[PDB]
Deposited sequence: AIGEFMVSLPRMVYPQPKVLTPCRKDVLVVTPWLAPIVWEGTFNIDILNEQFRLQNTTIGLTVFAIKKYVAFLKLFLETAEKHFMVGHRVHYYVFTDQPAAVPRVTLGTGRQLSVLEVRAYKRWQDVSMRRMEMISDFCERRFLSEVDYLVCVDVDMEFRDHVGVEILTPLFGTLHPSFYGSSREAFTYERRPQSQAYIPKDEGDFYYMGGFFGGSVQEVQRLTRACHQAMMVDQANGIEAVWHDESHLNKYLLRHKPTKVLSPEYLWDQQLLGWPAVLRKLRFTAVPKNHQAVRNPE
């Protein structure tokens, strides 16, 4: 049950004035594509606070990638879901190397030890699904699953939340589908033919409700096991499987490349009003 919004004073949306004319803001299956200027964060914050929303954020920091945690977490504190309940889940082979980061109120962090192992990146799907299944369902409403070699520079908030989302890979958002680096070998479960595909989604930022994320990660894990049994490894590993899944199960929101950007590689194009979550040199 959703209680009523309070009275709010804000600018009237005008039907005969687009928010953005330079970009696609809705997919052909009627999922919003999230860009700056498409949302009123005050309305969305109200909606999600009235539900006492809890967001889980998963991040893997295995072997040398523990070095990225301090900046990742410190900047998440500045920019990720501020004002909402947040539970970080840090998966690592080195629990003692997790930095002691000071958290705002209503935010918590759990360190989950895993075994260290391409395979590091792939096995995230298993670890997220099997068997963090039970824990996530009890503790959070949404899960957000990201790469650690990153920093938050600007707002990443409840505008992303939805049953299932993917994020446009910053190298391919202007590309034709034939150019997307989908798995192209028919022998792989991740196979997508040259005439199929909506977008190329980045493996380092996806999420949704706990139920939908567990479905996605279970399916991707199962598909990766089939490939392993058949002696084939998808070209971009878990990302190839994520792309196959999101082709056949359309996301209910798509995040623009504001949400996953590499300024060193790609600069700061006019079409990006904000750079929210960005690559750190590795």
Task: Coordinate gaps, deposited numbering - done: 1-4, 122-124, 290-298
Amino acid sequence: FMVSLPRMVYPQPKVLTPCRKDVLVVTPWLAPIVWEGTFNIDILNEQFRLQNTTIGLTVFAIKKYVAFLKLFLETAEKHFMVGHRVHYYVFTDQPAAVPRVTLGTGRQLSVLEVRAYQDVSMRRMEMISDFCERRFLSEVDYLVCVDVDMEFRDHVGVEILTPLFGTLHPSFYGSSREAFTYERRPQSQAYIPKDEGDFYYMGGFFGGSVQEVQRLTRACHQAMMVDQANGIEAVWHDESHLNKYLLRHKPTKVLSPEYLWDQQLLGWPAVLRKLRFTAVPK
From here on, numbers count along this sequence of modelled residues.
Task: Of 121-129 and 137-145, the stretch whose C-alpha atoms average the higher B-factor in the entry - done: 121-129
- [ ] Look over 84-92 and 108-116 in the entry and identify the one with the greater average Cα temperature factor.
- [x] 108-116
Task: Top Cα B factor in the deposited entry, candidates 202, 179, 150, 210 - done: 179
Open item on the list: Take the CA temperature factors straight from the PDB entry and tell me which of 266, 19, 24, 260 peaks.
Closed with: 19
Task: Lowest, middle or highest third - CA B-factor, residue 64 - done: highest
Open item on the list: Please say which third, lowest, middle or highest, residue 255 falls into when its CA temperature factor is compared across its chain.
Closed with: lowest
Task: Record-listed C-alpha B factor of residue 37: chain third - done: middle
Open item on the list: Based on the deposited C-alpha B factors for this chain, I'd like to know if residue 170 is in the lowest, middle or highest third.
Closed with: middle
Open item on the list: Please place residue 97 in the lowest, middle or highest third of its chain according to the CA B-factor in the PDB entry.
Closed with: highest
